[PDB]
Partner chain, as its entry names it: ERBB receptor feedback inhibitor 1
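A single chain, nothing else alongside it, follows as structure tokens in the form solved without the partner chain.
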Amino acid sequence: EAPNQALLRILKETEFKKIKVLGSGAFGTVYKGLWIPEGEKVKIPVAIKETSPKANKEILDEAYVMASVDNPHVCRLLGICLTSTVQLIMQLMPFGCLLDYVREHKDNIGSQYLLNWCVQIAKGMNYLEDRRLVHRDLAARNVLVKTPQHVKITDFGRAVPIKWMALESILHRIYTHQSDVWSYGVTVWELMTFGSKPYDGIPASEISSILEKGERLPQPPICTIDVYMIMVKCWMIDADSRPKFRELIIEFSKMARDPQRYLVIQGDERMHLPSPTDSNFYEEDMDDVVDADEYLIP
């Protein structure tokens, strides 16, 4: 097939500065930072992830996949640092993961945001489909927030979460772009319920039988039958019957044009999330700072 001509950028340790710890646990630690190239008069906000041969091999296989993608709704690797232990340098997504974002800002998330996020996630997934890349772990925890109006898909570096998996994936370990559609349906459910845990209290071993009986996730109170029907269609036993990601872009885009007709949220219209319109929306020198999406460009 087609040769992968993606460029792997090696970054010098001295070219980037760690500001603070964004999150630490199990794997290691993630830092908020700045990448100041050679003499380009630019400061790029970045996320830095930081010795056994097995772990080094796993982080490089991750880097390979992340460097092989370029889409506005997919998280891309900026580069790698080859210190004692390999460091991954990625674009900063200041608001963190979407799962935590909806749990923390539920009282200010209107129908427009929820529907636009569904479009954006479907666009990222459709791109991954065009690139023949099967995610295998799509969930609200693996969707990052650049701005409340711009989300990107991550953790496709694995390319088990039973409660997000399609029937074929649990029983036969079959992973396709249609099995990713099931996980998309569960992700949409997570957003529509403002970060509720799917099949909460129910053990993982029962999920297979539950799905075979015909039982699915409940209709979120804010969901019109129009939105819920789409989620239900993502959870058909027959994978070919499930919607394609390009159909999900169109369907959610139609709905995003008149959001209050498809999502019923009490307090909607008077709700607001941070945006560039806000005073001081963007710690040290905030001079010559530019986002990775506007720098160099592949």
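Positions refer to the first chain, counted from 1.
Another form exists, solved in complex with the partner chain; not displayed. Remarks below refer to it.
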Even though the partner isn't displayed, in the entry with it bound is residue 217 close enough to the partner chain, meaning a heavy atom within 4.5 Å? yes
Is residue 189 one of the residues lying within 4.5 Å of the partner chain in the entry with it bound, judged by heavy atom distances? yes
Would you please decide whether residue 114 lies within 4.5 angstroms of the partner chain in the entry with it bound, comparing each non-hydrogen atom pair? no
My question is simply whether residue 49 lines the interface with the partner chain in the entry with it bound - judged by any non-hydrogen atom within 4.5 Å. no
